[PDB]
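Participant: Below is one structure. I have some questions about it.
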Amino acid sequence: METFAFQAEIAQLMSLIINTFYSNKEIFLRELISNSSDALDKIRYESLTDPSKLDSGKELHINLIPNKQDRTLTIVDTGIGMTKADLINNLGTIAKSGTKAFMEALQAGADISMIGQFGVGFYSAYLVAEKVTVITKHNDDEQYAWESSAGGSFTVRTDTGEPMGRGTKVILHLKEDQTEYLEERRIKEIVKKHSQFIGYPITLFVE
Ligand SMILES: O=C(N[C@@H]1c2ccccc2-c2c(-c3nc4cc(F)ccc4[nH]3)cccc21)c1ccnc2[nH]ccc12
């Protein structure tokens with residue numbers, strides 16, 4: 001396990017998301033499903049030129065997995081996934097410029113719900129989660145685990161868990177007062193409101 005420091009801008013954004021009073025927290029799911037859909041578009045598009053891109057799995061889908069025992073909501077996709085270089089470097093560049101643009105817009109009067117327009121909608125996970133674990137597998141790299149509870153750092157290690165084939169798992173370790181996002185009726189309601197026309201099958205698992 002390797003530990004990395006967030007740049008000051010992204011650390012400030014994570015603190016704003018955690019500390020700001022903002023009741024419309026449900027938008028985190030729209031943001032994560034949108035990132036999953038974008039990752040699925042990306043591998044689908046690459047496969048149009050190189051069909052072997054799907055040797056790591058033909059199914060293009062999104063699964064929503066609640067676990068009341070662990071207090072986790074997991075979003076699974078069979079999209080493009082992220083390499084080690086994506087997790088540490090490439091996405092750090094995106095997070096930096098996206099945060100700057102979002103913070104400027106927020107000071108001007110934009111709302112937290114508009115976070116996705118800045119390419120940093122992933123960080124809306126911290127509206128409901130005290131810790132986020134990302135398990136990911138990209139065709140060009142090994143399976144990795146990225147994780148952060150904010151506090152200014154994140155970790156990256158090769159993941160020894162169940163081999164995914166290709167894609168991303170976003171594990172949301174929910175805050176104690178955010179357990180409504182583990183309830184079937186609540187997740188169904190949110191998906192219907194914000195994500196009813198996503199071009200991939202979204203399966204809401206139950207317990
Ligand atoms: O949401 C994704 N990736 C997000 C993302 C987005 C924007 C900025 C940063 C990050 C990010 C990061 C990340 N943020 C960083 C911020 C830094 F300061 C330095 C390195 C960083 N790495 C780590 C894991 C996952 C993601 C993502 C990508 C592909 N397939 C996916 N399926 C579901 C989500 C998902």
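In the structure tokens, chains take the letters A, B, ... in the order shown, each chain's residues start at 1, and ligands count up from 1 in the order shown.
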For the interface of chain A with ligand 1 (cut-off 6 Å, counting only C-alpha atoms and all ligand atoms), please tabulate each contacting residue of chain A alongside its nearest pair of atoms and their separation in Å to one decimal, rows sorted by chain and increasing number, as a tab-separated table.
Facilitator:
```
residue	atom	partner	partner_atom_place_in_ligand_line	distance
A:6	CA	ligand 1	18 (F)	4.3
A:7	CA	ligand 1	18 (F)	5.3
A:10	CA	ligand 1	18 (F)	5.7
A:32	CA	ligand 1	34 (C)	5.6
A:35	CA	ligand 1	34 (C)	4.6
A:36	CA	ligand 1	32 (N)	3.8
A:39	CA	ligand 1	30 (N)	4.7
A:81	CA	ligand 1	30 (N)	4.9
A:82	CA	ligand 1	29 (C)	5.7
A:87	CA	ligand 1	22 (N)	4.3
A:88	CA	ligand 1	20 (C)	4.4
A:89	CA	ligand 1	20 (C)	5.7
A:91	CA	ligand 1	9 (C)	4.4
A:92	CA	ligand 1	19 (C)	3.4
A:94	CA	ligand 1	8 (C)	5.3
A:95	CA	ligand 1	8 (C)	4.2
A:119	CA	ligand 1	7 (C)	5.7
A:120	CA	ligand 1	7 (C)	4.7
A:122	CA	ligand 1	1 (O)	4.6
A:134	CA	ligand 1	24 (C)	5.9
A:146	CA	ligand 1	24 (C)	5.8
A:168	CA	ligand 1	32 (N)	5.0
```
Participant: May I have the residues within 6 Å of segment 170-179 of chain A as a compact mmCIF listing (two decimals) with N, CA and C atoms, in the first residue's frame, using only C-alpha atoms and disregarding those fewer than 6 positions away in the same chain?
Facilitator:
```txt
# COMPACT_ATOMS: atom_id res chain seq x y z
N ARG A 71 -22.80 -1.64 5.85
CA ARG A 71 -23.18 -0.25 5.65
C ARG A 71 -22.49 0.35 4.39
N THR A 72 -22.57 -0.39 3.29
CA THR A 72 -21.98 0.05 2.04
C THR A 72 -22.96 0.02 0.89
N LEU A 73 -22.80 0.98 -0.03
CA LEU A 73 -23.51 0.98 -1.31
C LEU A 73 -22.40 0.87 -2.37
N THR A 74 -22.42 -0.22 -3.17
CA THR A 74 -21.40 -0.42 -4.20
C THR A 74 -22.01 -0.20 -5.60
N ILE A 75 -21.33 0.55 -6.46
CA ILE A 75 -21.76 0.77 -7.86
C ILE A 75 -20.72 0.03 -8.69
N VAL A 128 -22.33 11.48 1.05
CA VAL A 128 -22.95 10.39 1.79
C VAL A 128 -21.96 9.39 2.41
N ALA A 129 -20.70 9.36 1.93
CA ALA A 129 -19.71 8.37 2.37
C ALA A 129 -18.59 8.96 3.22
N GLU A 130 -18.19 8.25 4.28
CA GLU A 130 -17.08 8.67 5.13
C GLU A 130 -15.78 8.14 4.51
N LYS A 131 -15.89 7.10 3.67
CA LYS A 131 -14.74 6.49 3.00
C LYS A 131 -15.18 5.97 1.66
N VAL A 132 -14.33 6.13 0.64
CA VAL A 132 -14.66 5.62 -0.69
C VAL A 132 -13.55 4.71 -1.11
N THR A 133 -13.90 3.50 -1.54
CA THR A 133 -12.90 2.56 -2.06
C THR A 133 -13.26 2.33 -3.51
N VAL A 134 -12.27 2.43 -4.39
CA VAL A 134 -12.45 2.21 -5.82
C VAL A 134 -11.60 0.99 -6.21
```
Participant: Considering only C-alpha atoms, state which residue in the set A:98, A:77, A:156, A:189 is at the smallest distance from residue 123 of chain A.
Facilitator: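 When distances to residue 123 of chain A are compared using only C-alpha atoms, the smallest one comes from A:98.
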Participant: Calculate how many Å separate atom CA of residue 203 of chain A from atom CA of residue 76 of chain A, rounding to one decimal.
Facilitator: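 Taking atom CA of residue 203 of chain A as the start and atom CA of residue 76 of chain A as the end point, the length is 9.8 Å.
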Participant: Can you tell me how far atom CA of residue 111 of chain A sits from atom CA of residue 186 of chain A, in Å to one decimal?
Facilitator: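 One can read the atom CA of residue 111 of chain A to atom CA of residue 186 of chain A distance as 22.9 Å.
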Participant: Per DSSP on the backbone, filter segment 8-132 of chain A down to the residues in strand (DSSP E or B) and report them as an MDAnalysis selection string.
Facilitator: chainID A and resid 62:67 72:77 129:132
Participant: Could you pull out the helix (DSSP H, G or I) residues of segment 5-192 of chain A, going by DSSP on the backbone, and write them as a PyMOL selection string?
Facilitator: chain A and resi 8-19+27-49+51-54+84-108+112-118+121-127+176-182+184-192
Participant: Looking at only C-alpha atoms, which of A:160, A:69, A:107, A:99 is the one that sits closest to residue 12 of chain A?
Facilitator: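 Answer, going by the shortest atom-to-atom distance: A:99.
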Participant: Ranking A:112, A:50, A:57, A:139 by minimum distance to residue 22 of chain A and counting only C-alpha atoms, which one comes first?
Facilitator: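 With only C-alpha atoms as the atom set, the closest residue is A:112.
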Participant: Could you work out how far atom CA of residue 14 of chain A lies from atom CA of residue 103 of chain A, giving the answer in Å with one decimal?
Facilitator: 11.3 Å
Participant: Can you pull out the residues contacting residue 197 of chain A? Cut-off 12 Å, using only C-alpha atoms, and skip same-chain residues under 5 positions away; I want them as a ChimeraX atom specification.
Facilitator: /A:30,33-34,37,191-192,202
Participant: Suppose we keep C-alpha atoms; can you now write the selection as a CSV table (one decimal), in the first residue's frame?
Facilitator:
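New file result-v6.csv:
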```csv
chain,number,residue,atom,x,y,z
A,30,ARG,CA,-26.7,10.3,-10.5
A,33,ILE,CA,-24.0,6.3,-12.6
A,34,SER,CA,-23.0,9.1,-15.1
A,37,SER,CA,-22.1,5.3,-18.2
A,191,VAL,CA,-32.5,6.0,-10.3
A,192,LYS,CA,-36.0,6.8,-11.8
A,202,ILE,CA,-28.9,-0.8,-14.3
```
Participant: So which one's closest to residue 70 of chain A, A:135, A:164, A:85, A:182? Using only C-alpha atoms, please.
Facilitator: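 Of all the options, A:182 lies closest to residue 70 of chain A.
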